>>> print(open('coords_0.pdb').read())   # PDB, C-alpha atoms and all ligand atoms
ATOM      1  CA  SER A 979     -19.060  -2.927 -21.311  1.00  0.00           C
ATOM      2  CA  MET A 980     -18.422  -6.740 -21.540  1.00  0.00           C
ATOM      3  CA  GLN A 981     -15.093  -5.605 -23.069  1.00  0.00           C
ATOM      4  CA  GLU A 982     -14.558  -3.432 -19.997  1.00  0.00           C
ATOM      5  CA  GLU A 983     -15.436  -6.262 -17.675  1.00  0.00           C
ATOM      6  CA  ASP A 984     -12.870  -8.524 -19.451  1.00  0.00           C
ATOM      7  CA  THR A 985     -10.286  -5.724 -18.829  1.00  0.00           C
ATOM      8  CA  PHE A 986     -10.980  -5.670 -15.111  1.00  0.00           C
ATOM      9  CA  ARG A 987     -11.082  -9.457 -14.771  1.00  0.00           C
ATOM     10  CA  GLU A 988      -7.585  -9.536 -16.335  1.00  0.00           C
ATOM     11  CA  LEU A 989      -6.464  -6.804 -13.926  1.00  0.00           C
ATOM     12  CA  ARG A 990      -7.644  -8.861 -10.983  1.00  0.00           C
ATOM     13  CA  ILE A 991      -5.822 -11.929 -12.275  1.00  0.00           C
ATOM     14  CA  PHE A 992      -2.648  -9.916 -12.634  1.00  0.00           C
ATOM     15  CA  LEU A 993      -2.953  -8.446  -9.117  1.00  0.00           C
ATOM     16  CA  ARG A 994      -3.614 -11.778  -7.466  1.00  0.00           C
ATOM     17  CA  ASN A 995      -0.542 -13.171  -9.134  1.00  0.00           C
ATOM     18  CA  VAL A 996       1.719 -10.305  -8.023  1.00  0.00           C
ATOM     19  CA  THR A 997       0.245 -10.382  -4.510  1.00  0.00           C
ATOM     20  CA  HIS A 998       0.780 -14.189  -4.176  1.00  0.00           C
ATOM     21  CA  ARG A 999       4.411 -13.800  -5.127  1.00  0.00           C
ATOM     22  CA  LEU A1000       4.887 -11.191  -2.449  1.00  0.00           C
ATOM     23  CA  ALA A1001       2.918 -13.160   0.118  1.00  0.00           C
ATOM     24  CA  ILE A1002       5.072 -16.295  -0.267  1.00  0.00           C
ATOM     25  CA  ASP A1003       8.349 -14.476   0.218  1.00  0.00           C
ATOM     26  CA  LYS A1004       9.710 -15.177   3.704  1.00  0.00           C
ATOM     27  CA  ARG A1005      10.929 -11.668   4.211  1.00  0.00           C
ATOM     28  CA  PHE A1006       7.330 -10.390   3.917  1.00  0.00           C
ATOM     29  CA  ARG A1007       5.614 -12.691   6.366  1.00  0.00           C
ATOM     30  CA  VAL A1008       5.000  -9.926   8.835  1.00  0.00           C
ATOM     31  CA  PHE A1009       2.993  -8.090   6.131  1.00  0.00           C
ATOM     32  CA  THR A1010       0.740 -11.056   5.294  1.00  0.00           C
ATOM     33  CA  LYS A1011      -1.750 -10.562   8.069  1.00  0.00           C
ATOM     34  CA  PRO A1012      -3.213  -7.803  10.127  1.00  0.00           C
ATOM     35  CA  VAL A1013      -1.509  -6.925  13.383  1.00  0.00           C
ATOM     36  CA  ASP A1014      -2.997  -8.752  16.443  1.00  0.00           C
ATOM     37  CA  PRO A1015      -4.504  -6.210  18.935  1.00  0.00           C
ATOM     38  CA  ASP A1016      -3.555  -8.302  22.005  1.00  0.00           C
ATOM     39  CA  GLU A1017       0.047  -8.439  20.961  1.00  0.00           C
ATOM     40  CA  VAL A1018       0.133  -4.775  19.789  1.00  0.00           C
ATOM     41  CA  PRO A1019      -2.593  -2.676  21.456  1.00  0.00           C
ATOM     42  CA  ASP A1020      -1.111   0.735  20.476  1.00  0.00           C
ATOM     43  CA  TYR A1021      -0.888  -0.126  16.751  1.00  0.00           C
ATOM     44  CA  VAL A1022      -4.503   0.771  16.033  1.00  0.00           C
ATOM     45  CA  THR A1023      -3.802   4.125  17.825  1.00  0.00           C
ATOM     46  CA  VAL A1024      -0.749   5.071  15.818  1.00  0.00           C
ATOM     47  CA  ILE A1025      -1.825   3.481  12.534  1.00  0.00           C
ATOM     48  CA  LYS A1026      -5.180   4.714  11.257  1.00  0.00           C
ATOM     49  CA  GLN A1027      -5.239   2.810   7.991  1.00  0.00           C
ATOM     50  CA  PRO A1028      -3.799  -0.666   8.588  1.00  0.00           C
ATOM     51  CA  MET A1029      -2.984  -2.615   5.436  1.00  0.00           C
ATOM     52  CA  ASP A1030      -1.566  -6.072   4.754  1.00  0.00           C
ATOM     53  CA  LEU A1031      -1.410  -8.575   1.907  1.00  0.00           C
ATOM     54  CA  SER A1032      -4.406 -10.579   3.106  1.00  0.00           C
ATOM     55  CA  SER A1033      -6.501  -7.401   3.050  1.00  0.00           C
ATOM     56  CA  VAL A1034      -5.116  -6.637  -0.418  1.00  0.00           C
ATOM     57  CA  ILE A1035      -6.375 -10.010  -1.670  1.00  0.00           C
ATOM     58  CA  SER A1036      -9.801  -9.396  -0.204  1.00  0.00           C
ATOM     59  CA  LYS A1037      -9.953  -6.007  -1.893  1.00  0.00           C
ATOM     60  CA  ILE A1038      -8.961  -7.460  -5.231  1.00  0.00           C
ATOM     61  CA  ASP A1039     -11.776 -10.014  -4.926  1.00  0.00           C
ATOM     62  CA  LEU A1040     -14.272  -7.307  -3.874  1.00  0.00           C
ATOM     63  CA  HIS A1041     -13.384  -5.484  -7.076  1.00  0.00           C
ATOM     64  CA  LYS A1042     -11.978  -2.521  -5.195  1.00  0.00           C
ATOM     65  CA  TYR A1043      -8.986  -1.942  -7.490  1.00  0.00           C
ATOM     66  CA  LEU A1044      -9.756  -0.633 -10.957  1.00  0.00           C
ATOM     67  CA  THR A1045      -6.173   0.291 -11.717  1.00  0.00           C
ATOM     68  CA  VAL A1046      -2.674  -0.832 -10.845  1.00  0.00           C
ATOM     69  CA  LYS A1047      -2.098   2.649  -9.443  1.00  0.00           C
ATOM     70  CA  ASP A1048      -4.825   2.041  -6.901  1.00  0.00           C
ATOM     71  CA  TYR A1049      -3.287  -1.318  -5.937  1.00  0.00           C
ATOM     72  CA  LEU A1050       0.155   0.300  -5.572  1.00  0.00           C
ATOM     73  CA  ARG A1051      -1.249   2.889  -3.147  1.00  0.00           C
ATOM     74  CA  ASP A1052      -2.132   0.011  -0.802  1.00  0.00           C
ATOM     75  CA  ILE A1053       1.372  -1.514  -1.227  1.00  0.00           C
ATOM     76  CA  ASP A1054       2.786   1.965  -0.416  1.00  0.00           C
ATOM     77  CA  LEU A1055       0.529   2.066   2.614  1.00  0.00           C
ATOM     78  CA  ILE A1056       1.907  -1.278   3.908  1.00  0.00           C
ATOM     79  CA  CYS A1057       5.362   0.177   3.644  1.00  0.00           C
ATOM     80  CA  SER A1058       4.690   3.667   5.047  1.00  0.00           C
ATOM     81  CA  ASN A1059       2.789   2.188   7.955  1.00  0.00           C
ATOM     82  CA  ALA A1060       5.816   0.054   8.816  1.00  0.00           C
ATOM     83  CA  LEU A1061       8.229   2.996   8.622  1.00  0.00           C
ATOM     84  CA  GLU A1062       5.937   5.114  10.825  1.00  0.00           C
ATOM     85  CA  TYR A1063       5.233   2.508  13.471  1.00  0.00           C
ATOM     86  CA  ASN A1064       8.846   1.149  13.718  1.00  0.00           C
ATOM     87  CA  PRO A1065      10.999   4.225  13.419  1.00  0.00           C
ATOM     88  CA  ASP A1066      13.818   3.535  15.905  1.00  0.00           C
ATOM     89  CA  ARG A1067      17.541   2.705  15.525  1.00  0.00           C
ATOM     90  CA  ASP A1068      16.871  -0.608  17.293  1.00  0.00           C
ATOM     91  CA  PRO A1069      17.648  -3.690  15.217  1.00  0.00           C
ATOM     92  CA  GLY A1070      14.124  -5.082  15.303  1.00  0.00           C
ATOM     93  CA  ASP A1071      12.858  -1.754  13.865  1.00  0.00           C
ATOM     94  CA  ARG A1072      15.649  -1.587  11.324  1.00  0.00           C
ATOM     95  CA  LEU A1073      14.888  -5.122  10.115  1.00  0.00           C
ATOM     96  CA  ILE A1074      11.189  -4.527   9.635  1.00  0.00           C
ATOM     97  CA  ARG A1075      11.895  -1.210   7.821  1.00  0.00           C
ATOM     98  CA  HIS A1076      14.336  -2.965   5.545  1.00  0.00           C
ATOM     99  CA  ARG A1077      11.770  -5.623   4.794  1.00  0.00           C
ATOM    100  CA  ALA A1078       9.045  -2.982   4.190  1.00  0.00           C
ATOM    101  CA  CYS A1079      11.196  -1.188   1.634  1.00  0.00           C
ATOM    102  CA  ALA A1080      12.020  -4.510  -0.012  1.00  0.00           C
ATOM    103  CA  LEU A1081       8.304  -5.351  -0.273  1.00  0.00           C
ATOM    104  CA  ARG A1082       7.629  -2.000  -1.939  1.00  0.00           C
ATOM    105  CA  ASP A1083      10.636  -2.247  -4.262  1.00  0.00           C
ATOM    106  CA  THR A1084       9.769  -5.781  -5.217  1.00  0.00           C
ATOM    107  CA  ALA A1085       6.117  -4.955  -6.081  1.00  0.00           C
ATOM    108  CA  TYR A1086       7.225  -2.008  -8.152  1.00  0.00           C
ATOM    109  CA  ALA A1087       9.899  -4.056  -9.999  1.00  0.00           C
ATOM    110  CA  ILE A1088       7.471  -6.858 -10.845  1.00  0.00           C
ATOM    111  CA  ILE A1089       4.969  -4.291 -12.130  1.00  0.00           C
ATOM    112  CA  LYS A1090       7.615  -2.456 -14.076  1.00  0.00           C
ATOM    113  CA  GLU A1091       8.552  -5.621 -15.889  1.00  0.00           C
ATOM    114  CA  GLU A1092       5.137  -7.252 -16.287  1.00  0.00           C
ATOM    115  CA  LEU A1093       2.422  -4.607 -16.516  1.00  0.00           C
ATOM    116  CA  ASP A1094       1.646  -3.459 -20.054  1.00  0.00           C
ATOM    117  CA  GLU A1095       1.504   0.347 -19.984  1.00  0.00           C
ATOM    118  CA  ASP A1096      -1.393   0.465 -22.520  1.00  0.00           C
ATOM    119  CA  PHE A1097      -3.279  -2.007 -20.371  1.00  0.00           C
ATOM    120  CA  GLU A1098      -2.920   0.286 -17.372  1.00  0.00           C
ATOM    121  CA  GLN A1099      -3.829   3.308 -19.489  1.00  0.00           C
ATOM    122  CA  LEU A1100      -7.023   1.569 -20.495  1.00  0.00           C
ATOM    123  CA  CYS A1101      -7.920   0.804 -16.905  1.00  0.00           C
ATOM    124  CA  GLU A1102      -7.318   4.418 -15.962  1.00  0.00           C
ATOM    125  CA  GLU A1103      -9.474   5.661 -18.857  1.00  0.00           C
ATOM    126  CA  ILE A1104     -12.356   3.373 -17.959  1.00  0.00           C
ATOM    127  CA  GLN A1105     -12.076   4.422 -14.294  1.00  0.00           C
ATOM    128  CA  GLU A1106     -12.030   8.143 -15.265  1.00  0.00           C
ATOM    129  CA  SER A1107     -15.181   7.678 -17.376  1.00  0.00           C
ATOM    130  CA  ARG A1108     -17.137   6.338 -14.361  1.00  0.00           C
TER     131      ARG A1108
HETATM  132  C1  LIG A1201       3.256  -5.154  10.759  1.00  0.00           C
HETATM  133  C2  LIG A1201       4.041  -5.067  12.049  1.00  0.00           C
HETATM  134  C3  LIG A1201       4.170  -6.191  12.885  1.00  0.00           C
HETATM  135  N1  LIG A1201       4.890  -6.108  14.035  1.00  0.00           N
HETATM  136  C4  LIG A1201       5.041  -7.258  14.943  1.00  0.00           C
HETATM  137  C5  LIG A1201       3.998  -7.087  16.034  1.00  0.00           C
HETATM  138  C6  LIG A1201       3.235  -8.390  16.105  1.00  0.00           C
HETATM  139  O1  LIG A1201       3.316  -8.938  17.435  1.00  0.00           O
HETATM  140  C7  LIG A1201       3.860  -9.301  15.040  1.00  0.00           C
HETATM  141  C8  LIG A1201       2.843  -9.817  14.033  1.00  0.00           C
HETATM  142  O2  LIG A1201       2.136  -8.698  13.482  1.00  0.00           O
HETATM  143  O3  LIG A1201       4.841  -8.538  14.330  1.00  0.00           O
HETATM  144  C9  LIG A1201       5.498  -4.873  14.418  1.00  0.00           C
HETATM  145  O4  LIG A1201       6.180  -4.728  15.463  1.00  0.00           O
HETATM  146  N2  LIG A1201       5.381  -3.792  13.653  1.00  0.00           N
HETATM  147  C10 LIG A1201       4.698  -3.817  12.508  1.00  0.00           C
HETATM  148  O5  LIG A1201       4.693  -2.766  11.884  1.00  0.00           O
END
>>> encode(input="coords_0.pdb", output="structure tokens", more="lines below")
Ligand SMILES: Cc1cn([C@H]2C[C@H](O)[C@@H](CO)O2)c(=O)[nH]c1=O
Amino acid sequence: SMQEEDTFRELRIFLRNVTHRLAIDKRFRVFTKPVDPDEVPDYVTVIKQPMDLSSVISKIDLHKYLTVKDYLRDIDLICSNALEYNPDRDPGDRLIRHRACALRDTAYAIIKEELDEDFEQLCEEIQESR
């Protein structure tokens, strides 16, 4: 449907906006880009599904998200990856975990306030019909 395509274009606009706001926050800089192999060669070993905000943007533009739920699974992934890979009591680990939780909480709070529930329901219904 043209009406369905207008729905998804609006979804993408919404997601790019939320993602930009996360990406510009200083606390979240470490999540803006993939991890550099040279600097962290064991990351790829421990972390089987790397995710970051740059990859999120690419996926939005490739039309990979048909719902906000699907987007939020990638945000959750950014966070869970960080908790898994940096699990120690050390302060560098604690800082990154704190920041990962803040990224997740912030994405959820923005969505809670700004996503129309009927809009999401529509996306989910279109997705479920394909
Ligand atoms: C995303 C992430 C980055 N980093 C560090 C390693 C890299 O050298 C740098 C940039 O990714 O930040 C971690 O230690 N753990 C992580 O989970």
>>> residues_near_ligand(input="coords_0.pdb", ligand="ligand LIG 1201 (chain A)", cutoff="7 Å", atoms="only C-alpha atoms and all ligand atoms", output="list in words")
residues 1008, 1009, 1011, 1012, 1013, 1014, 1017, 1018, 1059, 1060, 1063 and 1064 of chain A
>>> closest_residue(input="coords_0.pdb", among="A:981, A:1023, A:1058, A:1105", to="residue 1081 in chain A", atoms="all atoms listed in the file")
A:1058
>>> residues_around(input="coords_0.pdb", residues="residue 1005 in chain A", least_positions_apart="2", cutoff="7 Å", atoms="all atoms listed in the file", output="ChimeraX atom specification")
/A:1003,1007,1077
>>> resolve_selection(input="coords_0.pdb", expression="the PyMOL selection byres (((chain A and resi 998) around 12) and not hetatm)", output="MDAnalysis selection string")
chainID A and resid 991:997 999:1004 1006:1007 1010 1031:1032 1034:1035 1038 1085 1088
>>> resolve_selection(input="coords_0.pdb", expression="the PyMOL selection byres (((chain A and resi 1057) around 10) and not hetatm)", output="compact mmCIF listing (two decimals) with C-alpha atoms, in the frame of the given file")
# COMPACT_ATOMS: atom_id res chain seq x y z
CA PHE A 1009 2.99 -8.09 6.13
CA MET A 1029 -2.98 -2.62 5.44
CA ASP A 1030 -1.57 -6.07 4.75
CA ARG A 1051 -1.25 2.89 -3.15
CA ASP A 1052 -2.13 0.01 -0.80
CA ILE A 1053 1.37 -1.51 -1.23
CA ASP A 1054 2.79 1.96 -0.42
CA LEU A 1055 0.53 2.07 2.61
CA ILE A 1056 1.91 -1.28 3.91
CA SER A 1058 4.69 3.67 5.05
CA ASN A 1059 2.79 2.19 7.96
CA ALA A 1060 5.82 0.05 8.82
CA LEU A 1061 8.23 3.00 8.62
CA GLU A 1062 5.94 5.11 10.82
CA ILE A 1074 11.19 -4.53 9.64
CA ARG A 1075 11.90 -1.21 7.82
CA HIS A 1076 14.34 -2.96 5.54
CA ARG A 1077 11.77 -5.62 4.79
CA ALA A 1078 9.04 -2.98 4.19
CA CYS A 1079 11.20 -1.19 1.63
CA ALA A 1080 12.02 -4.51 -0.01
CA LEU A 1081 8.30 -5.35 -0.27
CA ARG A 1082 7.63 -2.00 -1.94
CA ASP A 1083 10.64 -2.25 -4.26
>>> atom_distance(input="coords_0.pdb", atom1="CA of residue 1067 in chain A", atom2="CA of residue 1025 in chain A")
19.6 Å
>>> atom_distance(input="coords_0.pdb", atom1="CA of residue 1086 in chain A", atom2="CA of residue 980 in chain A")
29.3 Å
>>> closest_residue(input="coords_0.pdb", among="A:1066, A:1071, A:1048, A:1094", to="residue 988 in chain A", atoms="only C-alpha atoms")
A:1094
>>> resolve_selection(input="coords_0.pdb", expression="the PyMOL selection byres (((chain A and resi 1101) around 12) and not hetatm)", output="number ranges by chain")
A: 981-990, 1043-1048, 1093-1100, 1102-1108
>>> atom_distance(input="coords_0.pdb", atom1="CA of residue 1027 in chain A", atom2="CA of residue 1049 in chain A")
14.7 Å
